[PDB]
*Asks:* 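A single structure is presented below for examination.
In the text below, chain A, chain B and the rest are named by the order of the sequence lines, each starting its count at 1. Hydrogens, waters and symmetry mates play no part in the numbers below; they use all other heavy atoms, side chains included.
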Protein chains: 2
Amino acid sequence: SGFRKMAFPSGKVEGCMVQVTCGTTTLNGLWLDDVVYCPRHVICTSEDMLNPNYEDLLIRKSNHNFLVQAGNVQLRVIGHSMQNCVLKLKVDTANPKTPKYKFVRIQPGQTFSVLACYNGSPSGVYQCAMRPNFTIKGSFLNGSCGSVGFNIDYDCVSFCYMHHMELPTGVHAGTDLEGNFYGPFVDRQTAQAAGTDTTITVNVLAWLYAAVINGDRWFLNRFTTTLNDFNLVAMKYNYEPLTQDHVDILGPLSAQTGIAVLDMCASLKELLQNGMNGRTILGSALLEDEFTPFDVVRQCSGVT
Amino acid sequence: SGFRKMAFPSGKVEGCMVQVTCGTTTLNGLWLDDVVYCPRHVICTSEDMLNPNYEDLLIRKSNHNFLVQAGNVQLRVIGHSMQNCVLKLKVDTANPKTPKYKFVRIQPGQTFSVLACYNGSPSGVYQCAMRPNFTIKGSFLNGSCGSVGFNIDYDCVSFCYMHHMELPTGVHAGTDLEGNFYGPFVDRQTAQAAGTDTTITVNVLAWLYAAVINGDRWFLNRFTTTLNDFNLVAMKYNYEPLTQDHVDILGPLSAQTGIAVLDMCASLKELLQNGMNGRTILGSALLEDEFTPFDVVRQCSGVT
Ligand SMILES: *C(=N)[C@H](C[C@@H]1CCNC1=O)NC(=O)[C@H](CC(C)C)NC(=O)c1ccc(-c2ccc(OC)c(OC)c2)cc1
Ligand SMILES: *C(=N)[C@H](C[C@@H]1CCNC1=O)NC(=O)[C@H](CC(C)C)NC(=O)c1ccc(-c2ccc(OC)c(OC)c2)cc1
């Protein structure tokens, strides 16, 4: 009965990772059915990444310029189209390991597992959150583009993220599986100012609930607050304003711990204004905000 | 170019997870070749866990009392033997998804990925470290026993851990894949005092090196120390004594950052004696010690 940052089992996703090569650039691709999805800047020369006119680059590209490798057995491309910042390649073979899958655009605050890939082979898996400024604080090196972010519900994989770029502040930006960027970002080597990153307030509260479940409960005080007053101090500390919707999501958690949601906001209020005083909650000296209420429940329920 | 707690891709391991049921108790099993490994306390009734005489329990067990399920297709047991705290069942079918595998006993401080399973289906994956007192601080609920810990080197899976038990301090204990417990623990519902948990000193230094690689470098001071003097303050702070062996492991990291290992020990010395002063390193306000020098390199190298 512990609590750690968990990631979805990656097996169902590794069976879709291929290596896509165009010219000299090589990256990762997602092979579902007879289609392979990859970032469109695979057609970019290392000097064209400064200001690329992607439309006048794809016209000079034919099918045979794309070398799709799934393991040491390569795939023949038959058709290729572009959708926003994603490239779609039609291959003469449907991936026999294709799972039940879905393309969903997630919302700021939601979490997902990331399968970091290099040259089409998986290197590792870790859990990420979509920050309110639509960036993510992942770990990515050269060739990691095309690695995807995903959730798993029983047997169906929800593909929500594909890696594209690293921002000047060290964080990361990418697109949904339809090629549409999360946030006001474009595939272009230029300084792109990410917005101010607020803290996902509803996630911090769910994390504090997972602590009470896990014996760590020194932070519960004898105070209380209202949703309006708690919100007022939350904006001074760059926290997301808590809505009645958020309160209702935490409700299941509130029911299992017997601590009203508004009373937990009170303990978080005094925690924000007075600090942890060198103490730690669930082995961290910071307030963690990359655990959605859903994540806490499924971890304390053994959801498979 | 970020740094997060990564876990090995789990795909090669999920293909070995089965459900093992004996009487009413049901847990997870590791199906490699024509053998299935599982914790021996599957033969334990919920009242016999207080003081179980495992030898006089296995004799009253035959082959047909063990229901091995791999998915919704069940396996017939033909032979069963006991090895320390592990149970081995001979099945009439070799697992066609068996990988290149190995059974290795790891050492305190080493890290491995954990595939948390329930009813034979995987629920998630996270990274763990073998604490110097031979416990681990994982996340485990009822039915998680038989979940394994593993490392992956190219194509070969190194099975090092199998979950057995939770200790009173909230941490976890288990065996190697030969049934031999890590530490002075036994499979028995009784208060088992874990030893004092020291901090894996060599791991903290490697983590500080990953920070310098990642731009976070406010902690490097203009001081220096010797291995002997640094060790003296390390024992007052319950840190593992640093050996010349540890220094040589960090060497590759020392070479990439240009910071002598002994100078990094100096920065860690003053960090231990003066605190972070509310600052954070790599997004944590604590000194992290679950990153081996190997883990840092492979993450900054894209090892697949
Ligand atoms: C995909 N394979 C990579 C993955 C990146 C590179 C290494 N780590 C990653 O996460 N994608 C890219 O390299 C894209 C190429 C585009 C899509 C054509 N570009 C970038 O990731 C990138 C990095 C850095 C800057 C940058 C410019 C100017 C700065 O000064 C203010 C600055 O400050 C640090 C950064 C731009 C684009
Ligand atoms: C396997 N399926 C489980 C997994 C455990 C239970 C829930 N979380 C886990 O990690 N294994 C067990 O339940 C084993 C059974 C043995 C091997 C026959 N036992 C325990 O995990 C266990 C838990 C707690 C105690 C305990 C006793 C006395 C205390 O008071 C001082 C105390 O303090 C908290 C704890 C013993 C054994």
*Asks:* Does anything in residues 294-304 of chain A get under 4.5 Å of chain B by heavy atoms, and if so which residues?
*Replies:* A:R298, A:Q299, A:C300, A:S301, A:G302, A:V303, A:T304
*Asks:* Look up atom CD in B:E240 and atom OG1 in B:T198, then write down how far apart they are to the nearest 0.5 Å.
*Replies:* 3.5 Å
*Asks:* Mind checking the OG-CD spacing from B:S284 to A:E288? Nearest 0.5 Å is all I need.
*Replies:* 8.5 Å
*Asks:* Main chain of A:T280, side chain of A:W218: is a donor-acceptor contact present, judged purely on distance under 3.5 Å?
*Replies:* yes
*Asks:* Looking at residues at least two apart in the chain, or sitting in another chain, which of them share a ring-ring contact (aromatic ring centres under 6.0 Å, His included) with A:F112?
*Replies:* A:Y161
*Asks:* For B:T199, which of B:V204, B:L287, B:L272, B:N238 qualifies under side-chain contact (heavy atoms from CB on, under 4.5 Å)?
*Replies:* B:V204
*Asks:* I'd like to verify something: which residue of A:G170, A:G2, A:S144, A:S113 has the highest number of heavy-atom pairs under 4.5 Å with chain B?
*Replies:* A:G2
*Asks:* Tell me, which pairs form a salt bridge (charged side-chain N to carboxylate O under 4.0 Å, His left out) where one or both residues lie in residues 146-170 of chain A, sequence neighbours left out?
*Replies:* A:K100-A:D155
*Asks:* Which residue out of A:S1, A:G283, A:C117 racks up the most heavy-atom pairs below 4.5 Å with chain B?
*Replies:* A:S1
*Asks:* Are the side chain of B:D289 and the backbone of B:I200 linked by a donor-acceptor contact shorter than 3.5 Å?
*Replies:* yes
*Asks:* Tell me whether A:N28 contacts the main-chain N or O of A:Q19 through its side chain, where contact means a donor paired with an acceptor under 3.5 Å.
*Replies:* no
*Asks:* Identify the two heavy atoms, one from A:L282 and one from A:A210, that lie closest to each other, and give their separation to 0.1 Å.
*Replies:* CD1-C, 4.1 Å
*Asks:* Under 4.5 Å, heavy atom to heavy atom: which of residues 121-139 of chain B reach chain A? Give them by number, or say none.
*Replies:* B:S121, B:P122, B:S123, B:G124, B:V125, B:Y126, B:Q127, B:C128, B:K137, B:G138, B:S139
*Asks:* Please examine the side chains of B:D187 and B:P39, heavy atoms only from C-beta on, and report whether any two atoms are closer than 4.5 Å.
*Replies:* no
